[PDB]
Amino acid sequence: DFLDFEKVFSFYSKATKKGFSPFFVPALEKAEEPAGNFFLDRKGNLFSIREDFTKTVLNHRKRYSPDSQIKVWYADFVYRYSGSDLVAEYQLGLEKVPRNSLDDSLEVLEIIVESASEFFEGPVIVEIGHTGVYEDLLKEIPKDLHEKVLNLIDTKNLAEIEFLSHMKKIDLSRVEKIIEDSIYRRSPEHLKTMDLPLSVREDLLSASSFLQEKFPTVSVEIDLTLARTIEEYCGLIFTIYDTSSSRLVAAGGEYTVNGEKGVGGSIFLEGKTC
C-alpha cells in the first residue's frame, strides 16, 4: 500500500504557491573524504547517504555561486541506522535560507502544520520551543554541571534536579519550573509567568499566536525542555504529533549554520514512534 505518496502533490501545491522550488537529488552523494556513515564501491568511490535533508540542502548551496537565496521543497527517502540496520522513511520538507525575519519561519510552520493537519486524522499537537532559553537557565548555575542539568532537562528528570538542588546547594527552581510547565502549564498563556529574555518571549508569542489564529483545531503547546536540539538549531523549534496513530509526525526549527540563518521543517508520512 504505497498510496500515501499522493499527499505529495498536495504538498507540492502548498509549497509552490508560497515560492518553493522542487529540490531533488540522488540518495548517494560522492564525498571528497570519509565523514561518519559511508558507503564505498568496487570502483574506488566513497559515498555518503542522505541522512539529513537540511545538511544536504546547505551543502548544495556551497557548490553554487556566491550568496544564493534558496526557497525549496523536497520529498524523498532519508536513510538512518538503528543499531546496524539501514532504514529509510519518506519525508516532505521545506528549507529557507536566510530567514530574513520570523514570517519566513511562520510561512514554513504554516505549510508543514497545514499538511500534517490534512495528512493525519485525529488531534494534532504543535509543540513549540526555543533554543534561546538554556543560556538564560545555565548562567546562574556553575559552569561545570552545565552538561548535567541540560541532560536532566531533556529527560524531564525533575527528581534528580531536586537532588542536585540539595546535595550541591544550588537553587534550581526555574529549571524545575520549565520542567513542571512542560507538564502542567503547556498553554501559551503561561509564557507571561515564565522568566525569559524579551526576544525569546516575543518569538514564542508570535508563533503561538499565529498558529492559534490559523489552526483552531490543533493543540498549540509550549515545551522548553528539548535541550538536545541546542546544537542543531538556533531559535524557534517545533514538533508535531499525531494522537490517532500516537506518533511523531513532523519537526523543524530555526538554525544558524556558519553565519546566516535558515528555517526548515519536515514531515514523516507515518514513521517515528520515538
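Residue numbers run from 1 along the displayed sequence.
J.: For the C-alpha atoms alone, is the average B factor greater in 229-237 or in 40-48, going by the entry?
T.: Mean CA B-factor is higher for 229-237.
J.: Given the B-factors recorded for C-alpha atoms, which segment has the greater mean, 168-176 or 187-195?
T.: Mean B over CA atoms: larger for 168-176.
J.: In terms of recorded Cα temperature factor, pick the maximum from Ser117, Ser101, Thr131, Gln91.
T.: Comparing C-alpha B-factors across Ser117, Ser101, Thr131, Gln91, the top value belongs to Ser101.
J.: From the list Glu127, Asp144, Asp76, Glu107, select the residue with the highest C-alpha B factor recorded in the entry.
T.: When the deposited C-alpha B-factors of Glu127, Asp144, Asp76, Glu107 are compared, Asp144 is largest.
J.: Lowest, middle or highest third: which one holds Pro34 when the chain's residues are ordered by CA B-factor from the entry?
T.: As the PDB entry reports it, the C-alpha B-factor of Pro34 lands in the highest third of its chain.
J.: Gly259: which third of its chain by C-alpha temperature factor?
T.: Tercile = highest for this residue's CA B-factor.
J.: With respect to C-alpha B-factor, does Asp223 fall in the lowest, middle or highest third of the chain as deposited?
T.: CA B-factor rank for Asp223: lowest third.
J.: Looking at the temperature factor on the CA atom of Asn151, which third of the chain's modelled residues does it land in?
T.: Middle third.
J.: What third of its chain, lowest, middle or highest, does the C-alpha temperature factor of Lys139 fall into?
T.: Top third by C-alpha B-factor.
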